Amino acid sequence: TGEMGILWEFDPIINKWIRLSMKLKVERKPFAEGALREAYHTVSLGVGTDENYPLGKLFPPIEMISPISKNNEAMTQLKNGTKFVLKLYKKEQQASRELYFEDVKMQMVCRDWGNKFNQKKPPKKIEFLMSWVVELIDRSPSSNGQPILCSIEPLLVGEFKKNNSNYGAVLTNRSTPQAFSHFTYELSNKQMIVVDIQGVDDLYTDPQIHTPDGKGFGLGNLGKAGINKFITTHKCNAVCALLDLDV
């Protein structure tokens, strides 16, 4: 029968969240997992407005929410019938409400970096998937009393491959993922780096940002230690050279 959700989309260019609703039907058991999360096949039963579900203390704070939601990615990318992916944290105690929003914002920040990288006209352009926060409002808060939240994103079709980790592993020999990571480090004045570059070909998802202070950007932000680990194993390649990155 499916279930209702409040759907949150972040738009970096206005620095506001957009609040919508959707109906979805998720499989009972996950098809894959990572260190922190499990992934579930889901189907959209339609996207709508949040008009029927008022009040949305409060996080995000009201000043961070657009009162207008007419323009959004969800209504096309998650339209009725769309197969997509829902992710839950594994059995959690470290997962506050704010964390879910932090994760989704992080992926949106990485989309901005992908666009910036693409403006350099690299041999292979890249793209990060949209991600959204969903509040599964039909579910009981079967824990300490906290509502059930998750993130959702489009389904990747094809061979899912991880190219680097968030702690120095270089897992494939492809240039583009490693050059992108290096690009983010140099162009951010070493104030962040995007790693955990993974997905199907150059369509990526669940990246991870490190910043020197390790603040924000989720549980996987390993700070200077994570940045240095990337450096220890990074070998510049043909794409690094084309982008004139510091050797």
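In case it trips you up, residue 1 is the first one in the sequence shown, and so on. Rigid core: the largest C-alpha set superposing within 1.5 Å between the two forms.
Two stretches, 96-104 and 82-90, are weighed by how far their CA atoms sit from the shown form in 5 other deposited structures of this protein after rigid core superposition; the farther one is 82-90.
Superposing each structure in 5 other deposited structures of this protein on the rigid core shows that the farther-lying of 175-183 and 66-74, by root-mean-square Cα distance, is 66-74.
Going from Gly56 to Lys57, the model skips 1 to 3 deposited residues, which lack coordinates. Unmodelled stretch separating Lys121 from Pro122: none (count of deposited-sequence residues without coordinates).
Averaged over CA atoms, B-factors in the entry run higher in 209-217 than in the other of 209-217 and 175-183. Averaged over Cα atoms, the B-factor as recorded in the entry is higher for 139-147 than for the other of 139-147 and 152-160. Of the residues listed, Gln77, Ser131, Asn166, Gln94, the entry assigns the biggest Cα temperature factor to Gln94. Taking only the listed residues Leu45, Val200, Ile193, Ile62, the entry reports the highest CA temperature factor at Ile62. Sort the modelled residues of the chain by CA B factor and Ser21 lands in the lowest third. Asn72: CA B factor in the middle third of modelled residues in this chain (values from the PDB entry). Among all modelled residues in its chain, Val109 ranks in the lowest third by Cα B-factor.
Split the chain's modelled residues into thirds by C-alpha temperature factor. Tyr100 is in the middle one. When the CA B factors of the chain's modelled residues are split into thirds, the value for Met4 lands in the middle one.
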